[PDB]
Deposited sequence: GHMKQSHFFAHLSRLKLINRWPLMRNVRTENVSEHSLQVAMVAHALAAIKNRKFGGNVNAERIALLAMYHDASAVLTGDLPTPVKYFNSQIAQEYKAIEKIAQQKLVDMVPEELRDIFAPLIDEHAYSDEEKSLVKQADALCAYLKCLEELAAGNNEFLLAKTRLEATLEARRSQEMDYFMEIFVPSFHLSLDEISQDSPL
């Protein structure tokens, strides 16, 4: 009768990120996911507006809201391979199976990373790395040089995932960090 779906989702704010490092301020997956949603939405809208995009930006926000949701079952694994992809995908399916059946098909394509189109997938992973970068920028602005190397390698991930909408974002929103 009842679904534990939201009780489990409610746990996201307990799962802390960047564990291998001293954090001036602990970020949890809840804070992370909202920032990714906001950035991923901003990036989609920019693409649409200036760069010929035709992506559903509202949808992209909702995918970003959910992109790390399976952490409530697995915990957070620090980035630094095929097996983790495994558990995570098992974890995402288990979450999906908690949703009442009559709603399953609304939630499955938000939770299950297989469902992301090529362009949705790009935008969300660009937002994710941005947000990870912005974290490094915050920590460093606080004097915390443990995020130094993480900054550098994230600069590599960003250039790999480079786009016009990312360049706009960087030049326009990031320097204030």
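K.L.:
Tell me, which runs of residues in the deposited sequence have no coordinates at all?
P.N.:
Gaps in the modelled chain, taken against the deposited sequence, lie at 1 to 3, 84 to 91, 189 to 201.
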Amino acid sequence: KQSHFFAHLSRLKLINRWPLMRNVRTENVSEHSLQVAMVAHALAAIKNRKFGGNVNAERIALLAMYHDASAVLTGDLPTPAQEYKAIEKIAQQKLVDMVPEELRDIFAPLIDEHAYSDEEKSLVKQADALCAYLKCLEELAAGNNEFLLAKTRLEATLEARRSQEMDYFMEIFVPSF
From here on, numbers count along this sequence of modelled residues.
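K.L.:
Determine, for stretches 34 to 42 and 133 to 141, which one has the higher mean CA B-factor as deposited.
P.N.:
Per the deposited B-factors, the answer is 133 to 141.
K.L.:
Using the temperature factors of the C-alpha atoms in this entry, rank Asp128 within its chain: lowest, middle or highest third.
P.N.:
For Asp128, whose C-alpha B-factor we compare with every modelled residue in the chain, the answer is the middle third.
K.L.:
Divide the modelled residues of the chain into thirds by Cα B-factor and specify which third, lowest, middle or highest, holds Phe177.
P.N.:
It falls in the top third of the chain.
K.L.:
Could you look up the Cα B-factor of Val72 in the entry and say which third of the chain it sits in: lowest, middle or highest?
P.N.:
It belongs to the lowest third of the chain when residues are ordered by C-alpha B-factor.
K.L.:
Could you place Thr152 in the lowest, middle or highest third of its chain by Cα temperature factor, using the values in the record?
P.N.:
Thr152: CA B-factor falls in the highest third of its chain.
K.L.:
Taking the values exactly as deposited, rank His114 by C-alpha B-factor within its chain and report the matching third: lowest, middle or highest.
P.N.:
Highest third of the chain for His114's C-alpha B-factor.
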